[PDB]
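Chemist: What would the 3D arrangement of this be:
(7 chains)
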Amino acid sequence: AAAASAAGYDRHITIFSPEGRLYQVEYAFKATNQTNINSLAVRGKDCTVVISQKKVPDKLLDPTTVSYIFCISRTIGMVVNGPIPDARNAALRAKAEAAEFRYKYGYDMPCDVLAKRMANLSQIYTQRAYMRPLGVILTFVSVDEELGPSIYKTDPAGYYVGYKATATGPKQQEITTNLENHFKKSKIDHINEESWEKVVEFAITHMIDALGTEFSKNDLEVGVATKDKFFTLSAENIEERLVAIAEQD
Amino acid sequence: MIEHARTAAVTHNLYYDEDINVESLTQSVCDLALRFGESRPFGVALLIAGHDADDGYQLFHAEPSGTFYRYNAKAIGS
Amino acid sequence: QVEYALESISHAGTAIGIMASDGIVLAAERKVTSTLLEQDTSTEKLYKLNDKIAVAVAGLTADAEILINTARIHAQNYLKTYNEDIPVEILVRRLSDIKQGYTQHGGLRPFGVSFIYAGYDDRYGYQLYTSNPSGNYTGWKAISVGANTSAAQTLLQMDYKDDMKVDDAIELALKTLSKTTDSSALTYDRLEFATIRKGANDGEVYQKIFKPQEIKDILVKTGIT
Amino acid sequence: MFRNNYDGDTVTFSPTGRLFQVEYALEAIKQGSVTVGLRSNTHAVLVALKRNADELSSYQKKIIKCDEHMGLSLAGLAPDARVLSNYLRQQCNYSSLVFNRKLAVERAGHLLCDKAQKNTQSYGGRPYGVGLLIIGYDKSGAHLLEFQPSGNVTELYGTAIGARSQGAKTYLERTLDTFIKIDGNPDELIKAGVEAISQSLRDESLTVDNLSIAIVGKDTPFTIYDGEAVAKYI
Amino acid sequence: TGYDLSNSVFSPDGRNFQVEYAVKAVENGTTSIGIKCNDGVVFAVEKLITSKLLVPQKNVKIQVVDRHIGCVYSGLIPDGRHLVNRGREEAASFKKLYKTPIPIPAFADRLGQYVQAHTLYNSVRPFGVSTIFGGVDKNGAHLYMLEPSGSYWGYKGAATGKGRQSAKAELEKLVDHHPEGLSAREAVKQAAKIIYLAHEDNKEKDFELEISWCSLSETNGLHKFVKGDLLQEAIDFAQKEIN
Amino acid sequence: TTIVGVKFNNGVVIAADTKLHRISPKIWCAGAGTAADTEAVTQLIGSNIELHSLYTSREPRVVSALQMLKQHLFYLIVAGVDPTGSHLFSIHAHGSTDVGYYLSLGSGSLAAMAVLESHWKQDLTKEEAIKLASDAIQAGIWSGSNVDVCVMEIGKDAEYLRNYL
Amino acid sequence: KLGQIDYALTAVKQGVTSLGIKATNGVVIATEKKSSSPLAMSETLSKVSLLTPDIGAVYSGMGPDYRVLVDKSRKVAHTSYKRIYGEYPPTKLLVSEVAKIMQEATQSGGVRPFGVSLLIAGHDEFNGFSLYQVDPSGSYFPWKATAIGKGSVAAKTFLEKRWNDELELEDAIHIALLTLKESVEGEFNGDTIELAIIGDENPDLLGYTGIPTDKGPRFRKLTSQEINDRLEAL
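Modeler: Residues are numbered from 1 along each chain as shown, chains lettered A, B, ... in the order given. Dropping the coordinates below:
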């Protein structure tokens, strides 16, 4: 696991091509699509919501272990779009960064300083020829006390920005266009509902309407950001949201 | 190799109050060639000759490989 | 194994040093540059080392300014150490040895610069020298480095006289530059100019690194417009 | 006419899951002279055929003492056998002063596997090119181990390694029920080993200096015999 | 075209071909499996007998970590030994610091992180092993399979090595026909059946069946080997079934 | 010795005899030691807290100033206004911290705390708090001219007055 | 002849346009802020940065490289001058340290140049107002006006037409907004433009009052409303 001298060509190590491209970083973007999972994140009035597809085709898996939503600290969570080993690496890093910050600076790591820190780490992996980019997009969510409901997304180039809503995965462009046309209609920067029960409900509706497939309890995953608790829904709680979509319409 | 062998001889002399064995000095110049100073070869073939009270009069071929043999007689070079 | 660094300086504008019987005369020419690149700066051609020594440069300012600052530091340290200011020979040898090291040591690169060190001290009087990337240096009656070196040295050789005054060395530097100019006229904004002379009247070394108006005044003495 | 693209480094995998550079390091074991090891319940024996460069040359050392209760042999490479054997001596001394135990020969095996596998995983380095037969005695009885430069070690009743070893190995496999029952008699276990090594000498002949023997177990420290001491086993 | 020669590199697809090639090494290994029971885990393996000269009681394919984690692997033999040593010292580290046996999920993540690190740098290669490991802790039975990429999941039953296709297909029948979950005694018998069924693709070599188990009722949640009459009863079950 | 601090109804005050320990635009100190304070810790924390502000893009919290003091002193008073609101703290060589509606420290302390206890109000308006801080340090006096003061209101840039009495 | 730095310059020549203009009484630095998605909150990333209260920067090229550069440039402006001299640097000192940071990457093997060119603008007591371009090479140049990125050849032609020694800061802002208007990729408004000045001091932005010595930031990022007010005339 030490650094050492070794050789490479302009697309085997992160080096500028003749046209200024970094192929090793653009190929790490293609690694994010590998799991074939779509995810969606949206802001409520006093919460922020993250919905993931769940794929467990293999009947021999314990479905309880297959999980792309991660608890970084009491206030903050993330969804990973990419291979599970890189996701567990990024999660262990983000947990350690948040714990070290709460120790030094004396308040819980804001969601704008965790995305920045993780994006700065990814820039060091985009200029290093001895270490690769991670094949992951990280979407961080919390209900900050400085900016309120917050979505921040970080990618293998170490770019990051804050989001009104976002979708990540193989079919994300349709989810994104259907979200763009929702905010073009409602003219808010959030989903105008006062309870996380109605936002996790609206996000599941948009995920179904975009992907063209219904979800069993087990085909979906959920995150519910509230002040001093990020948490993930158990399948019987997600059943409430799914049963509240069938009864509504 | 020679100035390593010289520094190896004087350090053994002041440690044991006794002369270095010719095998042990031959071993030391071979270890230098395995270290490359500090699977590469290093330097040149040596004939190493000496007397010690244990193994008498001895002649060794020390090789660029960092390995050696004792000979009763040995020719090297042209 | 350095000759490419000597090729580098050959492009870098031109500097003329001329030694009189009673002074020295540095002149140098700024390369014409972009309208918006700032001229009012520290990166020029005619710099200084102490109140008795001046330099003109060919080659890149980024390699020049490190050596100029090392020379200023070493000259300040010598004046602080002995209360008499550094000899010109010891400055150029000290700067010739730093430059030699970075040429022979393969962990470093040869400095792509060549300075004309003019000066005065009482151990040898007025001293004009050139140093180049190889780390060798030579004493001169007149010298030039950089662009038009060859053409300028012929005009220097056929007009230079050992007995000449500083005022004749002003004329000869200006007339050499106006003979060998890349622009088909010479102007005060392209020209940097300095002298080292024997005081106002008493024994002191008097430098002038000339301001743009004083340059205009010597150009209109010398018949360059 | 062919150009293997996947054997340049110890860190490349073949498209078929092969570490060719580690296989070529196993091919280096078949460059050194034959060694045999065998064991019963009370004793374990090494025997080795020592080469020389010329008739004026001394004989190359094949057998090394790592501690009073264990030691090894070295076919393939001679200098790669001293890096491992020096480390095995250090780890035995360390076990005496830190734990007041003799190093277990299984524990010694894991420590060699550990050291060897690291070279197999890192750039710029090369897998060892030496095969060790380790013999020892400890509280579990007499033991023989075959170490392979990939980082693997095997518990055996007997084996042979070096050039033309299949002869001795085939004799041991045929003689197994006999040499494993040689208990309380060390000389017959040595003779069974010297007859096994005689099956690998294709037309060649043992001599006092061309033969080296070692034994450990029960009341006997690890001892090496070579020169006149092997005269009763020729 | 050179993306497959060194370990850090992504191919144009965004996959690491040196880890694709490391799992080809796993696919050449001896078949091994695990079964998650109602209160424990059973592990089984085909131990190929290479010669009469191997000392029969001291070559053991199943590996013990702490006292509650059982382990088995397929592929490179030095790499499996190294992950088992990392495992033993990683468990002994947690036992020294927290005075309590390591959670199987926490143990699994410490290995997953270790193996994933060997996919980051071109100064190293991946591990050429898949590890099946598992045990009993405060939360009951856990079974894990960890692969060359550092990828791991929890399983109901897991299979790796040369016979993995046939073993996966049989393990699916166990899960379909026993949807409540198997007893440890039946899982032992049923694991023997799956190793014999995996060996019929490889009948040219002799093998020894090796079984171990870790069950809260049968073994008090300590990992132990299946020895004597129960092993022979499970052999006789596998032998009547393979007819 | 110089210190009185008042956690008043819309902000906070600290007064001293002629401190200048501006940790940040909204965070201030006073202290006895004076040579380890000013230069050393208050210059050195002042760098780390401006870097923290530029890095995190948010105002620096007083709890961050406290954490950095406690770990960079490894007898000050600290006051300031966060997005959280107003704070007053004191720090101890034991490695501890406390919070009070008001405080004083050093040789004048018990006399000043009597003047504080005689006049505190939970609805204390800022001129009344400034007056209480002034007059409790005036009661602590028989360095320089008698009073200077720092005031940090919830909405506003801090006001320091180079003298007040 | 090309190497890794000519490729880092091509990353800069592909990047979003930015510019600097120096006036009689201050400096402008300005750029377009381009959004990856209309769901992205464009206030949450800053294109123009405060280094010290009297030095500011803008880039062109790879945005993540510039963010790590400015974090290091701020740390450099602190550990160097605030923590030993007690005061902030001249623009020349901080530009040399930024160029030292950029040269260290182009030098070390197993690192690549920073894929950004920087315009650094600021004030000093001795030098007055100044503007410098810092390239991936770790080289620095002083400028009267300049542009970097895609639009730079047309922008520098308009800056050559329009610069003179007598411009006021308010008219340099009009020239800057005219120069950004022609190169604009997205929409042109106070939410897509980012613009700062170093000019007169702003005692309100000191954020405290009393101590007569401190005067507050020379540096000021314009709010989007102030930009839109100027765009009504532009």
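Chemist: Now the residue nearest to the spatial centre of chain E: which helix or strand?
Modeler: Nearest to the mean C-alpha position of chain E, by C-alpha atoms, centre = their mean, lies residue E:132 at 2.5 Å. In the assignment (DSSP states H and E), residue E:132 maps to strand E:129-137.
Chemist: ok, the residue in chain G that chain B sits nearest to - how many residues close by?
Modeler: Closest to chain B within chain G is residue G:109: 21.5 Å, counting by C-beta to the nearest C-beta. No exception for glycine: its C-beta is placed from N, CA and C like everyone else's. The local packing of residue G:109 (other C-beta atoms under 10 Å in any protein chain shown) involves 6 other residues.
Chemist: still on that earlier bit, and the gap between the residue nearest to the centre of chain E and residue E:33?
Modeler: 7 Å (C-beta to C-beta, to the nearest Å).
Chemist: Name the residues contacting each of the two.
Modeler: Contact with both residue E:132 and residue E:33 is made by residues E:43, E:158, E:159, E:160, according to C-beta atoms under 8 Å, 6 or more residues apart in numbering or on different chains.
Chemist: near chain G, from those?
Modeler: When contact is defined as C-beta under 8 Å from any C-beta of the partner chain, these do not meet chain G at all.
Chemist: Now, of those residues, which are buried?
Modeler: E:43, E:158, E:159, E:160 (16 or more other C-beta atoms under 10 Å in any protein chain shown).
Chemist: Among the residues you listed, which ones are in strands?
Modeler: Counting by DSSP state E, the part of these found in strands is E:43, E:158, E:159, E:160.
Chemist: Could you dump those into a markdown table with distance to residue G:129 added?
Modeler: Output for these, formatted as a markdown table (distance: C-beta to C-beta, whole Å):
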| residue | distance to residue G:129 |
| --- | --- |
| E:43 | 75 |
| E:158 | 70 |
| E:159 | 73 |
| E:160 | 69 |
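Chemist: before we move on, the earlier item: nearest to chain F, out of the shared contacts of residue E:132 and residue E:33: which one, please.
Modeler: Nearest to chain F, judged by C-beta to the nearest C-beta, of the shared contacts of residue E:132 and residue E:33 is residue E:158 at 45.5 Å.
Chemist: beta partners of whichever residue of chain F sits closest to chain G?
Modeler: Residue nearest to chain G within chain F: residue F:160 (2.8 Å; C-beta to the nearest C-beta). Beta-bridge pairing of residue F:160 under DSSP bridges involves residue F:150.
Chemist: so residue F:69 touches residue F:76, yeah?
Modeler: Yes: using C-beta atoms under 8 Å, residue F:69 is in contact with residue F:76, at 6.3 Å.
Chemist: These two: which is more packed in?
Modeler: residue F:76 (24 against 21).
Chemist: Assign a three-state SS to the residue of chain G closest to chain B, would you?
Modeler: coil (DSSP: H, G, I helix; E, B strand; the rest coil).
Chemist: Would you enumerate the residues in contact with it?
Modeler: For residue G:109, the contacting residues are residue A:5, by C-beta under 8 Å, 6+ apart.
Chemist: about what we covered before: help me confirm that the residue nearest to the centre of chain E comes into contact with residue E:80.
Modeler: No: the pair residue E:132 / residue E:80 is not scored as a contact, 10.9 Å apart, by C-beta under 8 Å.
Chemist: any common contacting residues for the two?
Modeler: With C-beta under 8 Å, 6+ apart, residue E:132 and residue E:80 have common neighbours residue E:73.
Chemist: Tell me which stretches of the chain form strands.
Modeler: If you meant another chain, say so; for now it's chain A. Using DSSP E, the strands of chain A run over A:39-43, A:48-53, A:69-73, A:76-81, A:137-143, A:149-154, A:160-163, A:165-168, A:220-226, A:229-232.
Chemist: try again with chain D
Modeler: Under DSSP E, chain D gives strands at D:35-39, D:44-49, D:63-67, D:70-76, D:130-138, D:141-148, D:152-155, D:158-161, D:211-217, D:220-226.
Chemist: Can you list the strands that the second one pairs with?
Modeler: Read that as strand D:44-49. Here strand D:44-49 has these sheet partners by DSSP bridges: strand D:35-39 (antiparallel), strand D:211-217 (antiparallel).
Chemist: out of the shared contacts of residue E:132 and residue E:33, who's nearest chain G?
Modeler: Distances from chain G to these, taken by C-beta to the nearest C-beta, are shortest for residue E:160, at 36.3 Å.
Chemist: residues in contact with that closest one?
Modeler: Contacts for residue E:160 (C-beta under 8 Å, 6+ apart) come out as E:26, E:29, E:31, E:32, E:33, E:73, E:74, E:130, E:132, E:145.
Chemist: ok now do the third one, which residues does it touch?
Modeler: Right, the one you point to is residue E:31. Shown in contact with residue E:31 (C-beta under 8 Å, 6+ apart): E:45-46, E:74, E:159-164, E:167, E:195, E:198-199.
Chemist: With residue E:5 instead?
Modeler: Going by C-beta under 8 Å, 6+ apart, residue E:5 touches A:12, D:5, D:6, D:12, E:18.
Chemist: biggest separation within these, which pair?
Modeler: The most widely separated members of those, counting by C-beta to C-beta, are A:12 and D:6 (15.5 Å).
Chemist: now the helices for chain D?
Modeler: Using DSSP state H, the helices of chain D run over D:20-27, D:79-99, D:105-121, D:166-179, D:186-198.
Chemist: Any residue of the longest one touching chain B?
Modeler: Yes: figure legend: helix D:79-99 in contact with chain B (C-beta under 8 Å from any C-beta); contacting residues residue D:79.
Chemist: And for that helix, what's in contact with it?
Modeler: Residues outside helix D:79-99 that contact it (C-beta under 8 Å, 6+ apart) are B:34, B:65-67, D:64, D:66-67, D:70, D:72, D:74, D:101-103, D:107-108, D:111-112, D:115-116, D:128-130, D:132, D:134, D:147, D:149.
Chemist: And the fourth one, by the same measure?
Modeler: Among residues not part of helix D:166-179, those counted as contacts by C-beta under 8 Å, 6+ apart are D:34, D:36, D:38, D:40, D:157-160, D:189, D:192-193, D:195-197, D:199-200, D:202, E:51-53.
Chemist: what do you get for the first one?
Modeler: When contacts are taken as C-beta under 8 Å, 6+ apart, the neighbours of helix D:20-27 outside the stretch itself are D:4, D:6-10, D:12, D:14, D:120, D:126-129, D:131, D:148-150.
Chemist: Apply 10 Å and report the result again.
Modeler: Applying C-beta atoms under 10 Å, 6 or more residues apart in numbering or on different chains, the contact partners of helix D:20-27 are D:4-14, D:19, D:76-77, D:80, D:116-117, D:119-120, D:125-131, D:148-152, E:76, E:78.
Chemist: which among those residues end up buried?
Modeler: By 16+ other C-beta under 10 Å, these give D:6-7, D:9-14, D:19, D:76-77, D:80, D:116-117, D:119-120, D:125-131, D:148-152, E:76, E:78 as buried.
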